[PDB]
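Residue numbers (the working numbering), protein chains in the order written: chain A, 1179 to 1390; chain B, 1179 to 1390; chain C, 14 to 241; chain D, 14 to 241. Let me begin by presenting the structure, written as structure tokens, before commenting on it.
Here it is, written out as structure tokens:
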């Protein structure tokens, strides 16, 4: 089998300035790769085939090159509609047909700290035998952040879920939701709950807590 | 599409006295406008078509005028079958056929304060897990009144329904009913429940309450 | 000179087809050059236009409602008909068939007796009576209101009387209002002086032919005032 | 040149056979020398190649799926079909049928619009509306977030709006996720100053056409935690 590694995982560039995307192969495939562009909710559209030749109907502002295992795509001028996920495909030895993990093309405004809140469970959930603690980050940039759930300083793993939104078209931020789901009696067993977040826009780890 | 409106929403003129209604169109319709009269429980009757033209079987009381975007309907004297709901219809550009929201003609009665009284929920509804509070405003004019529900000095709204009866055939007043439905737990947790009424016949907003 | 008669089932559920018929008497479907048509009026609201049939065979419908509505005619028994595929609960309304004898235009001059068609609830549920008894805490120095509420019934209307209809003066009823559960409530009340409670016993008689339910409820002073 | 239209049952219980049909328009299936193929993409992940049908009749399949996948063609109805026996919950994804008109190589340049296939075995249960009401204790200087959660419902999508769509500023909706129950959970929240809570009514409207369920719910702070 052949592996595709795309780099960097997420890119953040403004419209009108050049973008470079790197792809590396576990095995040499000469020059037999295609790179595709996919938008949320839409079928992926191929952009480059054979790593140098442009596909039909592809503006000249996109180009690609490379050899062996190292390949690059250059976009001379980003358009507002060009922010989408980009995929690397190899055909050097197929099947299998192996695709890259994808890359994210993001834009400014620069880093901003999230507005952070924590939600204790509602009463209808409490009387139903379940419980959920919510930690929300709003209007933060860029998307990566680290979230941890502490319940009376007890180690927690495998009992939390996280959800991310897309980049907002206006404020250029993201939204994070972290849910800790427990049973009612389990929730009453402990007393103090805390959500801990680290982000590049926060000078120090920020832990917020409430009491049952 | 073409949209047009009427004015005023509700008009109050005593019988035997000249009355006027306005209809305004968002775009020019030349003279392609018609006035219809509708009595409750009865099919609407055409009154004026094309403006300044009286349909068959219609007395000279009603007179239409206007053009372009503005049309007026004038009744020289109001006899007591002239009180109904009046609509404007356009053929300047149809389909779609666009009607007005309708206007109501009132009788210019003396303004009188309502008799506001509260029926608290009884055990027959409380045993079912719900509660229904009734707020009756009897023998008031004009029909317009603002009814709010207040619980423990905290306003409750959006979960109650209102009804206004027909103008009485004896003294030409109105009666209003307000019904507030609450859950059993919410009813138990709260102690005081009040209906607050603002009306033109009332010197100040009047609050009538009962304590659980 | 021309009479229009409407007919339909009245009671349906969501997602089936509402079928309505308007028949013409004193004339013909192939009468002079003018329109036939259907409009609707939701209860307590304004009139809304469904569509029109032109005598030349051309049909017109409201653009936002034409996707489910259809107008047809037949000369053999001489009527026209409206079909609304996959009706929803929001379409409960009094429907009218209308015509324009003089001239030919979008106006309407001849009308039938539009019928109320409902889309929710069931016709088999019989009413229950909720007594409304006055009390000394409720009496404002000689004024009392007694009554009975008709609840958990369908279809409306239901006939409500006091003492087999012998009491009509001072009896006041209200239009029934549909609830979210699909049931109606109708209040029949009497405003009296507080002294009349101890002389006449009040009997609320609720009779409902569609459910074949006859209920007599006795109105008495509130029992919660005893020293228990 | 050519258009492709995917279809399929959409809702398939685990362990049965998923059957998808891609019909070709604008030309014949054997129009030239090129490939046909099927691509699938799980939500939030990359695309996966299931198999391809070469015009000469040779068919290639992904080794990890070849034991379960069969791709066939039929020029009688001018379409090809993909069959996957013994599906699992992990097979829920968006499927595409594609071809490579220019040059006889393994790429794809004509794509049809994908269709979502879900494997959960849940019995199209109606939505549950939970009012994510705000609280005064967690007030961050007068501004708080209020919303509604749609839980334990099936299938996608569920229509969530605010004030019948009138409130759009500051409104955010989150894509639904599948729990370890076979049912979805979705959230829709808006962040507003707490001062306007007592004068503006906030209504979450939830429409589920497959269950024909419409729920409107009012959002206000819980009275047990109000500033009394």
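For every residue, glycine included, the Cβ atom is placed at its ideal position computed from N, Cα and C.
| query | result |
| --- | --- |
| In angstroms, rounded to a whole number, what distance separates the CA positions of residue 1374/B and residue 1333/B? | 10 Å |
| Taking the beta strand (DSSP E) that residue 122/D belongs to, which residues open and close that run? | From DSSP, residue 122/D is part of no beta strand (DSSP E); its letter is neither H nor E. |
| Looking at chain B, is there any beta carbon in it that lies within less than 8 Å of the beta carbon of residue 40/D? | no |
| What are the uninterrupted segments assigned as beta strand (DSSP E) that are 3 or more residues long and contained completely in the region 93–149 of chain D, given in chain order? | 106–112, 128–130, 141–145 |
| Measuring CB to CB, does residue 1180/A end up less than 8 Å from residue 1316/A? | no |
| Do residue 219/C and residue 140/C have their C-beta atoms closer together than 8 Å? | yes |
| Measuring only the C-alpha atoms, how far is residue 1309/B from residue 1367/B? | 13 Å |
| Quick check on the burial criterion: 16 or more other C-beta atoms within 10 angstroms. Buried or exposed for residue 1176/B? | One cannot answer for residue 1176/B here, as it falls past the ends of chain B, which runs 1179 to 1390. |
| Would you kindly check if the distance between the Cβ of residue 121/D and the Cβ of residue 112/D is under 8 Å? | yes |
| Return yes when the Cβ of residue 1235/A is within less than 8 Å of the Cβ of residue 1213/A, no when it is not. | no |
| Could you check where the alpha helix (DSSP H) with residue 158/C kicks off and where it finishes? | It is not in any alpha helix (DSSP H) - residue 158/C instead sits in the beta strand (DSSP E) that spans 156–166. |
| With 16 other CB atoms within 10 Å as the buried threshold, where does residue 1370/A fall? | exposed |
| Give me, in chain order, the residues of the same chain whose beta-carbon lies closer than 8 Å to that of residue 1228/A; leave out the 5 immediate sequence neighbours on both sides. | 1209, 1210, 1211, 1212 |
| Using C-beta distances below 7 Å, list every residue in its chain close to residue 1357/B, excluding the 5 sequence neighbours before and after it, in chain order. | 1310, 1312, 1338, 1339 |
| Establish whether the CB of residue 62/D and some CB of chain A are separated by less than 8 Å. | yes |
| With respect to the beta strand (DSSP E) encompassing residue 1214/A, which residues constitute its N-terminal and C-terminal limits? | 1211–1216 |
| For residue 110/D, does the count of other Cβ atoms within 10 angstroms reach 16, so buried, or fall short, so exposed? | buried |
| With a 10 Å radius around its C-beta and 16 neighbouring C-beta atoms as the bar for buried, classify residue 92/D as buried or exposed. | buried |
| How would you list, in chain order, the residues of chain D whose beta-carbon sits under 9 Å from the beta-carbon of residue 1367/B? | 236, 237 |
| Determine whether the Cβ of residue 1199/B lies closer than 8 Å to any Cβ atom of chain D. | no |
| Helix, strand or coil for residue 210/D, going by three-state DSSP, please let me know. | helix |
| Applying the 10 Å Cβ sphere with the 16-neighbour rule, what's the burial state of residue 253/C? | Residue 253/C lies beyond the residue range present for chain C, which begins at 14 and ends at 241; the question has no answer from this structure. |
| Assuming residue 157/D contacts residue 144/D under a Cβ cut-off of 8 Å, what Cβ separation, rounded to an integer in Å, is found between them? | Contact doesn't hold; Cβ gap of about 14 Å is too wide. |
| Tell me, please, whether the CB atom of residue 24/C is closer than 8 Å to any CB atom in chain B? | no |
| Identify the residues that DSSP records as bridge partners of residue 220/C: which are they? | 172/C, 227/C |
| Can you tell me where the alpha helix (DSSP H) with residue 1304/A in it begins and where it stops? | 1301–1305 |
| Alpha carbons only, please: which of 18/C, 223/C, 28/C, 221/C is nearest the one belonging to residue 97/C? | 28/C |
| Given that residue 66/D touches chain A, what residues does it touch there, using C-beta distances under 9 Å? | Chain A residues near residue 66/D: none, gap ~13 Å exceeds 9 Å. |
| According to DSSP, is residue 1340/A helix, strand or coil? | strand |
| Just tell me which of 188/C, 160/C, 170/C, 165/C has its CA closest to the CA of residue 249/C. | One cannot answer for residue 249/C here, as it falls past the ends of chain C, which runs 14 to 241. |
| Quick one: is residue 109/D near chain A, going by C-beta distance under 8 Å? | yes |
| By the 10 Å Cβ neighbour count, where 16 or more other Cβ atoms means buried, how is residue 1345/B classified, buried or exposed? | buried |
| Starting from the Cα of residue 170/C, find the closest Cα among 186/C, 115/C, 71/C and give me that residue. | 186/C |
| Identify, in the order they occur along the chain, each residue of the same chain with its Cβ nearer than 7 Å to the Cβ of residue 180/D, setting aside the five sequence neighbours on each side. | 203 |
| If residue 1202/A and residue 1247/A are in contact, beta carbons under 8 Å, what's the gap, nearest whole angstrom? | 5 Å |
| Give me the chain B residues within the contact set of residue 214/D, using Cβ-Cβ distance strictly less than 7 Å, ordered along the chain. | 1335, 1336 |
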